[PDB]
Amino acid sequence: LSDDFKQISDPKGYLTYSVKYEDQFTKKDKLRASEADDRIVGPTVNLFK
Amino acid sequence: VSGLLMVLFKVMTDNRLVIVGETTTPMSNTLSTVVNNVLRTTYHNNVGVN
Amino acid sequence: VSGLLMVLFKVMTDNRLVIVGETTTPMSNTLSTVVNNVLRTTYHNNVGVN
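Sequence positions are given from 1 along each chain as written, possibly unlike the numbering in the entry, and residues without coordinates are left off. For naming, the first written chain is A and the first written ligand is 1, with later ones following in the order written. Here the displayed chains are drawn from a larger assembly, and the quantities reported describe the displayed chains exclusively. By convention in this description, side-chain values take in all heavy atoms of the structure and omit both hydrogens and water.

Going by the header, the method for this PDB entry is cryo-EM, and the resolution given is 4.1 Å.

So this is what it looks like as structure tokens:
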């Protein structure tokens with residue numbers, strides 16, 4: 001066959017996110033949730049620390 | 001002006017097909033009532049930022 | 001009669017200020033519907049007997 005396009009596992013995207021943290025603004029409440037409460041909404045929490 | 005012309009070249013000569021991979025399904029007992037309604041039935045394995 | 005007089009001395013010369021320390025917050029998905037309503041929003045870290 002010709003095979004014009006190749007396949008991938010996960011898509012990339014053209015527009016991404018960046019951040020500039022302030023290493024002196026920490027809340028003293030270490031919150032917690034379930035494991036499936038963690039997975040779906042997980043890495044998005046660690047991009048908006 | 002030349003780099004913005006070149007970024008328009010790469011997006012034009014694209015050729016990719018998305019393949020469902022890794023996907024897992026959670027249970028209703030293991031989710032908050034606020035995160036439960038967001039998930040249709042099965043979230044794609046791996047995680048997204050939003 | 002002398003020891004009961006002395007226990008009244010220590011309570012009188014007291015001087016302490018309570019400082020919020022350690023406190024953590026739990027989620028609604030991880031509590032029984034009977035223990036959920038008891039907690040206002042945030043229980044003081046450490047544990048109490050009652």
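Peer 1: Please explain the overall build of chain A as it appears in this structure.
Peer 2: Numbering of helices and strands runs from the N terminus; a helix is a DSSP stretch of H or I covering at least four residues, while a strand is a stretch of E covering at least two. When helices and strands are tallied, chain A shows one helix and one strand. For chain A, the C-alpha atoms occupy an extent of roughly 60 × 30 × 10 Å along the three principal directions. Any residue under 20% of the maximum accessible area for its type is buried, any over 50% is exposed, and the rest in between are partly exposed; the area is computed with a 1.4 Å probe on protein chains only. Counting across all 49 residues of chain A, residues that qualify as buried make up 10%. Here the open area of atoms and residues is found with the Shrake-Rupley method and a 1.4 Å probe, where only the protein chains shown may cover a residue. With the model as given, the accessible surface of chain A reaches about 5000 Å², and the carbon-plus-sulfur share is 52%. Only four residue types enter the tally: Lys and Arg on the positive side, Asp and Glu on the negative side; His and the chain ends are excluded. Where a charge lies is defined by one atom per residue type, namely NZ (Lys), CZ (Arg), CG (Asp) and CD (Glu). Of the charged side chains in chain A, 9 are positive and 9 negative, and the gap between their average positions amounts to 8 Å.

Peer 1: Please clarify how the interface of chain A and chain B should be interpreted in this entry.
Peer 2: When the parts come together, some accessible area is lost, and that loss is often what is quoted as the size of the interface. Residues count as neighbours in contact if any of their non-hydrogen atoms are within 4.5 Å of one another. At the interface, 18 residues of chain A touch 20 residues of chain B. Salt bridge, as applied in this entry: a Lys or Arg side-chain nitrogen positioned within 4 Å of an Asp or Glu carboxyl oxygen. Our count for the chain A to chain B interface comes out at zero salt bridges. Throughout this description, a polar contact denotes any pair of N or O atoms lying within 3.5 Å of each other; where both atoms belong to protein, one of them has to be capable of donating a hydrogen while the other can accept it, and for residues adjacent in sequence the pair is counted only when both atoms sit in side chains. Taken together, the connections running from chain A to chain B amount to six residue pairs in polar contact. Only β1 (6-8) and α1 (36-39) of chain A provide two or more residues apiece to the side of chain A that touches chain B. Classes in brief: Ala, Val, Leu, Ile, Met, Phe, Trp, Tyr, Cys and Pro nonpolar; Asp, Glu, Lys and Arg charged; the others, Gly included, polar. Taken together, the residues that form the side of chain A that touches chain B break down as eight nonpolar, four polar and six charged. The pairing criterion is simple: DSSP has to find at least two bridges between the two strands. Across three bridges, the pairing between β1 of chain A and strand β1 (residues 16-18) of chain B is parallel. Looking across to β1 of chain B, one finds that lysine 6 of chain A is bridged to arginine 16 of chain B.

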